[PDB]
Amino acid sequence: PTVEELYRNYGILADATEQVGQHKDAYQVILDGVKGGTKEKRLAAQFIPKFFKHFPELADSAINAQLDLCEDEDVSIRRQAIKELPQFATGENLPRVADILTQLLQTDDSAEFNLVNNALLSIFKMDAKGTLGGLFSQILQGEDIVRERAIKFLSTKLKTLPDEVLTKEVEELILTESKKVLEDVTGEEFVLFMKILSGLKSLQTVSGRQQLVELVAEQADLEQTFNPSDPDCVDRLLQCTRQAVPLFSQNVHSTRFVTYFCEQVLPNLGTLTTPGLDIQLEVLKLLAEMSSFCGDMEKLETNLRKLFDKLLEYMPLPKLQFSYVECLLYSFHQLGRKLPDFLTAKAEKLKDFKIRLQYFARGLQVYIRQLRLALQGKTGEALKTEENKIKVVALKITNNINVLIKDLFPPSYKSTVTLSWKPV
C-alpha cells in the first residue's frame, strides 16, 4: 500500500483510455489504498471516484471505501473524500449518498461544511427528488442536530439553484414534505419553513399565497381561545401572524387573523411582557397592517365595535398615546369603508366621539409644532441622530392621524396613509 504503487496503478487506468474495464486489478489496488497511511489515503480519496464509473462489478466495495475516508480521523482526508462523493451518486446510489451528505452537515469544520453543501448542491442538480428524499428523511427521522442543519440547508441554498432545477414537480415535492414536517415544528422552524415555501415560484401566485396563508392560520391555531397571561401564547401568535403579513394582498385576505385579533386580543390588553420593546404596540401595529387586507367579515359590526371601544380608551375627554392611536384609527378607518352605515347608525355616544376627536386634533398641532421646531435648520447628517430619527417618524405618525380624523367627519374613507413604520 504505497504511494509509488498507487501512482503506477493510476497511470495504468488513465493510459488504458477505452480499455479501463480490462484492469480491475489496478482498480483493486487503488481501493486497497484506504488501508494505508495518510499520504496513501489521500490518494485513494481522489483515485477511487475518478475510475469508479468503469467497474460495476466493484461498485459496492468502492462506495464503502470512499465512505471510510469520509469518516477518517483526519479532517483533510475527509474533505478530499467528501468533495468527490457526487461522482458515486450514479445508478441506484444517489439516495444512499444524499443520506450520508446530509449527516455530514453536522460537521464543525467550516471548510468541510462548505464542501458538504456543494456536494449536496451537485447531487441536487443530478436528481433533485432523490436529494430531497435524503434531506427530508433526516428532517423527519434523524437526530436533532442533523434536522436543524438540513432545514438551514433548504433555508439558505435552494435560492442558489438555477430555475431549471427547481421544476414544478420538485416544488410540489418540497410542499408535500414540508407539510409533513409542519405537523410538528417549533416556532423557529416554522419561520424557516415559511421562507422556504414562499420562495417557491409556484407558491408566489394568488392561490399559492392563499395556500400559504392557510398554513399560517393552521400553525397559529385560530380556534384556540387567547390567554394574555403566559408568553407560550403571546409571542407564538405574533411570530405566526408575522409570517402571514407579507402574503396579504388585495386578493389574499387577512380576515381570520383580524377577527381573532379584535375579539380575542384587544380586550385582553394590555397585559404584557417584559422585556425592551412595547408588546401592546407590536400587537396594534400587526393589526393595522392586516386591516387593509380584510375581506368580508361575518362578525363585522360586533368586531368594528370592540375596535371602536379600544380607540376611545386612548382618545380621552376634555399625555396622548399617539403611536397607539395611529394603529387603531387606521384599522377603524379601514374597516369602516365596508360598513359606512356604522357611525351614521351608531347613538349619542357619536357626539362623545367628536368631543374626543376635537380634543385630540388640538393636541396634535401642539405636538406637531414642537416636532417641526426641534427639527428645523438640522442638517441632513444631524437628522440621522437616533433621537432625530424618532422625531421624523413621529411627524409621520401625528400627520397620519390628522388625515384620518379629517376623514372621520358625511364621513369619508377616501384618504390613504402609509403607516409610519412602513416604506411608500
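All residue numbers refer to positions in the sequence shown, first residue = 1.
According to the entry, the deposited sequence places 1 to 3 unmodelled residues between residue 275 and residue 276. Unmodelled residues of the deposited sequence between neighbouring positions residue 346 and residue 347 number 1 to 3. Stretches compared: 222 to 230, 82 to 90. Higher mean C-alpha B-factor in the entry: 222 to 230. For the pair 354 to 362 and 24 to 32, the mean B factor over Cα atoms is greater in 354 to 362. The maximum CA B-factor among the listed residues 197, 315, 252, 191, taken from the PDB record, is found at 315. Per the deposited coordinates, the residue with the largest Cα temperature factor out of 165, 140, 266, 150 is 266. When the modelled residues of the chain are ordered by C-alpha B-factor, residue 326 sits in the middle third. In this PDB entry, the Cα temperature factor of residue 367 sits in the middle third of its chain's modelled residues.
Residue 380: CA B factor in the highest third of modelled residues in this chain (values from the PDB entry). Annotation for residue 310: C-alpha temperature factor in the highest third relative to the rest of the modelled chain, per the entry. Remark: residue 55 belongs to the highest third of its chain, ranked by C-alpha B-factor as recorded.
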